[PDB]
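Here is the structure we will look at.
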Amino acid sequence: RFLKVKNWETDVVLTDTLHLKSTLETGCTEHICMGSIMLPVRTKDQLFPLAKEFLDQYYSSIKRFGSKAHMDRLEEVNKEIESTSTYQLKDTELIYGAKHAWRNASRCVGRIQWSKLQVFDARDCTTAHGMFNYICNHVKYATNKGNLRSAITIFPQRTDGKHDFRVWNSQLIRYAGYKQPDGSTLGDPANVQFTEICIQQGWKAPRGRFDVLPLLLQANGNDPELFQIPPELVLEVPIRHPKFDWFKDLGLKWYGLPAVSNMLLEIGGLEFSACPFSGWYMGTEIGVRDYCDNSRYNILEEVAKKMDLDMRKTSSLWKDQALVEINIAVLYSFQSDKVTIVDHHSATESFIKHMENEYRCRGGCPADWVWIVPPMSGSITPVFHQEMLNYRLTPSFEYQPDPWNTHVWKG
Amino acid sequence: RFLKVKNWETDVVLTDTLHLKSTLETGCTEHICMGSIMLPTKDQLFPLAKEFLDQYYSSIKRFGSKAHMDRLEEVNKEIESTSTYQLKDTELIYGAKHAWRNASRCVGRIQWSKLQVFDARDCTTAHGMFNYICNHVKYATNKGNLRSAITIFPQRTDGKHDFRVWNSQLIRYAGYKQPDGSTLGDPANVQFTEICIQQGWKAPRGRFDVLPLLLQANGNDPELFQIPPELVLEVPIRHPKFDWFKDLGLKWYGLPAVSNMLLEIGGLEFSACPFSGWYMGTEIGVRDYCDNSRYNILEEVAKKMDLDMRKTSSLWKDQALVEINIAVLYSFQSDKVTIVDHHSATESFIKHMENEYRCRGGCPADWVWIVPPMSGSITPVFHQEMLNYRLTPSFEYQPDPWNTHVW
Ligand code: HEM
Ligand code: HEM
Ligand SMILES: CNCCN(C)c1cc(F)cc(CCc2cc(C)cc(N)n2)c1
Ligand SMILES: CNCCN(C)c1cc(F)cc(CCc2cc(C)cc(N)n2)c1
Ligand SMILES: C[C@H](O)[C@H](O)[C@H]1CNc2nc(N)[nH]c(=O)c2N1
Ligand SMILES: C[C@H](O)[C@H](O)[C@H]1CNc2nc(N)[nH]c(=O)c2N1
Ligand SMILES: [Zn+2]
């Protein structure tokens, strides 16, 4: 069965056959749509189909489907599962897997870049100090003095679920938040809980508005340990505005390297619970969400006040006005310092091109509209007008519980 | 199967029980979400009637009463007999208000119960439809102090005698192709406009000509009527800061009034049920004015503002967008024509959603449509999880009549 999607701005219709390869479920039924819900130990049994299906895809992509090399590899993984109950990926398969999990990531607007991903294999890693070393090398390599490069670092896979590698940080670089006794928050409210764990674990917190958090690293199911990323490895951009000279006096900066460290990468049924990956920012992630969400830095009022907008009624659009100026400021600061960044016009347009190309070459492109459409100026971007089909392909990135919720402490 | 929704901005969690009364299907399955797709006999009729009368008599606390039973009884008699049935006024009104209450794409539902319902089931000809429509327009406009209304024409019978308003809205601007190959007026109406020309409208060929109504009674061929111009309240668009704004020559109409939808109540279908409320400013300033396939004035505005249009990354589009939208709200406000901004309207929808959770056990909502087309994440609805599902009574899409009308 074929499925059509239409662009209501251009009238282009595409046809999706790829959804036919979909495995995991959506959360939706014929009776309820769960499309705006934020979040909607494995045996030998389930594992062989999952391996087989992955290796069939791998071998197709390399035009070697059904070859002797293909059959020997199935054969080999098969024996390895039965006798050891898991199996090891070849390097080539890990690389292909990691790229595909990004390619398959339906909430990711930046997927046009999926095939240029630097894969760092850290499956020989055994300790938290070794993890720190790997993560430093990833940061320096991805940062590349501002000319950002996509990378991912892959730590050993889950075995019995009692020996998991985890990066406790949600991103490798992120600012501390501190709840004050008066109930206000200093720094980033989104990281208060994690900041507190760090403090409990022994971090001496500077207690400023922009303190880079220590890495908190768990190897092999052991208690996690703290490490401070060398500051010279943390590229930051002071935020100023091309026309408003008081803008710099707001005291804003952000880091250059967006690097998600809390997701789980699934490849042929194997689970990589620590697999930090990084790209570069779209400007609105910082300018709209990080700065202007109410539950984040929330600078809208102070910006609008300095701009002396009429703030007595919402229908002045003072919020919307301050919002644009802040986003101009973020993109200007990053460009001026030569740190890679993309605005939401350029990103979404590239994404529409990527998506059409995917339909032509691949039979589809799973996409989550709720997430792809940017958080300002929705309908003046070509994705707002694009119908999308959301389904789940593997390899994939998945959510996993926060480790402080599940970790069995040793002491 | 008892479902939670969370607001990620405020941590408020609501439990939804109402979805377990979902009738119709979503287009979604466990394998594929179709959340972003624009459009995904005697036997049938009696359950539909019963399910409807059950909620009605429940709403007035006479569930299981003699009057409830008698009524189910009577409607049963009438279906077996006449193969259809007729709503009591009281049912009709409850039905219409509930179709709006159930509209998962409508951000404006906090108003749902203050809807003035005009019963036009006695209407028989197109002139009659024109009269009813003019009264609806004048009533809802109310010299700028707008009031919600719907006017309900007779229900479908054998589908050969449908009433339909051919216009998509009661009030819209015409659309014409040039030798130029560009488009004069509103490109979204080019086709309807030529049906008007080809049915005989003398078009003035301007940028903002209010189209005529094309009314179809009892399955006959539709007829043209012009709305008395004095009933069409329009607003010249100026900016409170930019004096040149006014010379763009923009105006819009005060009355948003959708006329192409099918209203379904207890199985019965009202194929002509024009309804109206008042605009949220982004509809005109973001969609009408800035969509590429609409009036698409972003470029001209940014030019007048002398923004750097060299690089997408100056955000000149975003800048001109805010200004266009400030000007819509300002103009409507200045002329005292009811309008709501996206901040105000979404904040009110969150309040409604909470009332519905508390008093009804849920509120079907379509996030894709509820979040405004600008400044999404600065409105509280962006951070609100919504469950989308289909309750009846409902408004439904229906095929454009020119594709269906045997002339
Ligand atoms: C190259 C630059 C990239 C850009 C501009 C980009 C853009 C984005 C943005 C804006 C989001 C939504 C973020 C949010 O609002 O929370 C996102 C989601 C995501 N991206 Fe990217 N992305 C990039 C690279 C990558 C890379 C390298 C990967 C993995 C290798 C990746 C995988 C994902 C995934 C898995 C999600 C969804 C996360 C979830 O479900 O929460 N992206 N992308
Ligand atoms: C009081 C002012 C109202 C406001 C501000 C309002 C707001 C909106 C908006 C912004 C939309 C989406 C429209 C679009 O983007 O094309 C919408 C959809 C809708 N509203 Fe309203 N609404 C109002 C009154 C009404 C009334 C009176 C009814 C019916 C009695 C109604 C039923 C609907 C329906 C059925 C839809 C979605 C139709 C579709 O699937 O396209 N609304 N509402
Ligand atoms: C609940 N979701 C919030 C945290 N999270 C799990 C997350 C995951 C991503 F893959 C991506 C992001 C966004 C950060 C990011 C990550 C990358 C790799 C590129 C880019 N431009 N931005 C967040
Ligand atoms: C692409 N959209 C499909 C067009 N369409 C059928 C439509 C239906 C509505 F209920 C409402 C609207 C929007 C117009 C409107 C209608 C009403 C009644 C109030 C209001 N503020 N705005 C369109
Ligand atoms: C409730 C809702 O799904 C949630 O706010 C989503 C909406 N869309 C999003 N889109 C992006 N890219 N990132 C987000 O965090 C969210 N949050
Ligand atoms: C493809 C997508 O479903 C389509 O563009 C939708 C998006 N959200 C919308 N939201 C509203 N309120 N009105 C619309 O016309 C649309 N269009
Ligand atoms: Zn869905």
Side-chain angles (χ1 to χ4, degrees), chain A residues 1-37 40 53 56-57 60-61 100-109 111-112 114 348-373 378-379 381-398, chain B residues 22-40 104-105 293 364 366-369 386-390 396-400 403:
Chain A
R1 203 212 326 85
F2 294 76
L3 285 167
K4 327 272 279 335
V5 294
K6 163 166 196 201
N7 190 291
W8 291 84
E9 186 206 337
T10 55
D11 262 327
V12 174
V13 180
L14 302 169
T15 304
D16 181 283
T17 45
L18 184 55
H19 60 277
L20 292 177
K21 301 309 209 188
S22 151
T23 13
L24 331 173
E25 286 173 328
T26 59
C28 303
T29 79
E30 279 96 309
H31 284 116
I32 197 145
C33 173
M34 303 246 308
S36 74
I37 304 300
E53 172 179 293
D56 294 344
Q57 297 143 224
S60 303
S61 69
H100 281 71
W102 187 9
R103 200 182 182 177
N104 289 337
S106 73
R107 298 181 159 171
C108 176
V109 80
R111 285 182 281 174
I112 192 171
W114 75 267
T348 51
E349 187 182 346
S350 289
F351 179 77
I352 285 309
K353 296 174 172 191
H354 166 66
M355 181 201 177
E356 287 172 353
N357 188 45
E358 289 287 73
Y359 274 76
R360 286 182 269 91
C361 83
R362 196 187 193 201
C365 184
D368 178 347
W369 195 101
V370 168
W371 279 62
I372 294 297
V373 172
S379 70
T381 74
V383 289
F384 175 98
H385 302 280
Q386 184 67 51
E387 292 184 336
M388 302 173 193
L389 286 184
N390 189 206
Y391 47 85
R392 263 152 61 136
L393 296 177
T394 52
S396 62
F397 296 107
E398 299 302 337
Chain B
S22 158
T23 348
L24 323 150
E25 284 165 336
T26 64
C28 301
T29 90
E30 303 92 60
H31 291 288
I32 170 150
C33 178
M34 292 204 156
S36 69
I37 307 311
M38 279 254 20
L39 356 138
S104 68
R105 289 181 168 166
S293 62
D366 178 346
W367 191 102
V368 172
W369 283 62
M386 296 170 188
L387 299 170
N388 189 207
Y389 51 92
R390 312 235 309 163
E396 294 303 340
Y397 293 108
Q398 47 178 356
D400 278 345
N403 311 323

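Excluded from the calculations below are hydrogen atoms, water molecules and symmetry mates; all remaining heavy atoms, backbone and side chain alike, are included. Letters A, B, ... are given to chains in the order of the sequence lines, protein chains preceding strands, and every chain is numbered from 1.
A donor-acceptor pair under 3.5 Å is formed between the side chain of A:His19 and the backbone N or O of A:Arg1. No donor-acceptor pair under 3.5 Å is formed between the side chain of A:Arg111 and the backbone N or O of A:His354. Remark: side-chain polar atoms of A:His100 are not paired, donor with acceptor, to backbone N or O of A:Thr394 under 3.5 angstrom.
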Let's go through A:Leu389 and B:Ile37 carefully: what are the C-alpha distance in whole Å and the side-chain angles of both, what is the deciding distance for side chain to side chain contact (heavy atoms under 4.5 Å, CB included) to 0.1 Å, and is it a yes or a no? CA-CA 8 Å; A:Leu389 286 184; B:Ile37 307 311; 4.1 Å; yes

What verdict does the side chain to side chain contact (heavy atoms under 4.5 Å, CB included) test give for B:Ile32 and A:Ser22, after you've listed the backbone C-alpha separation in whole Å, the side-chain angles of each residue and the deciding distance to 0.1 Å? CA-CA 8 Å; B:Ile32 170 150; A:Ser22 151; over 6 Å; no

Decide yes or no on side chain to side chain contact (heavy atoms under 4.5 Å, CB included) for A:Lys21 and A:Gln57, but give the supporting numbers first. CA-CA 11 Å; A:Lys21 301 309 209 188; A:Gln57 297 143 224; over 6 Å; no

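A:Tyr391 pairs by the ring pair (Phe, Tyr, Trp, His ring centres under 6.0 Å) definition with nothing, not counting sequence neighbours. Considering only residues two or more places apart in sequence or on other chains, A:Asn7 meets the side-chain hydrogen bond (donor to acceptor under 3.5 Å, both in side chains) condition with A:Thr10, A:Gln386. Taking A:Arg107 as the reference, A:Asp368, A:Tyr399 meet the side-chain hydrogen bond (donor to acceptor under 3.5 Å, both in side chains) condition, with sequence neighbours excluded.
For residues 29-40 of chain B, no residue pair satisfies the side-chain hydrogen bond (donor to acceptor under 3.5 Å, both in side chains) rule, not counting sequence neighbours. Within the structure, the salt bridge (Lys or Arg N to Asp or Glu O under 4.0 Å) test picks out the following pairs touching residues 382-396 of chain A (sequence neighbours left out): A:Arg392-A:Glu398. Screening residues 3-19 of chain A for salt bridge (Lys or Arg N to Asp or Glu O under 4.0 Å) gives A:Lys6-A:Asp11 as the qualifying pairs, with residues at least two apart or on separate chains.
B:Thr26 contributes atom OG1, which lies 9.5 Å from atom CE of B:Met34 (distance to the nearest 0.5 angstrom).
A side-chain N or O of B:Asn388 and one of B:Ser104 form a donor-acceptor pair less than 3.5 Å apart.
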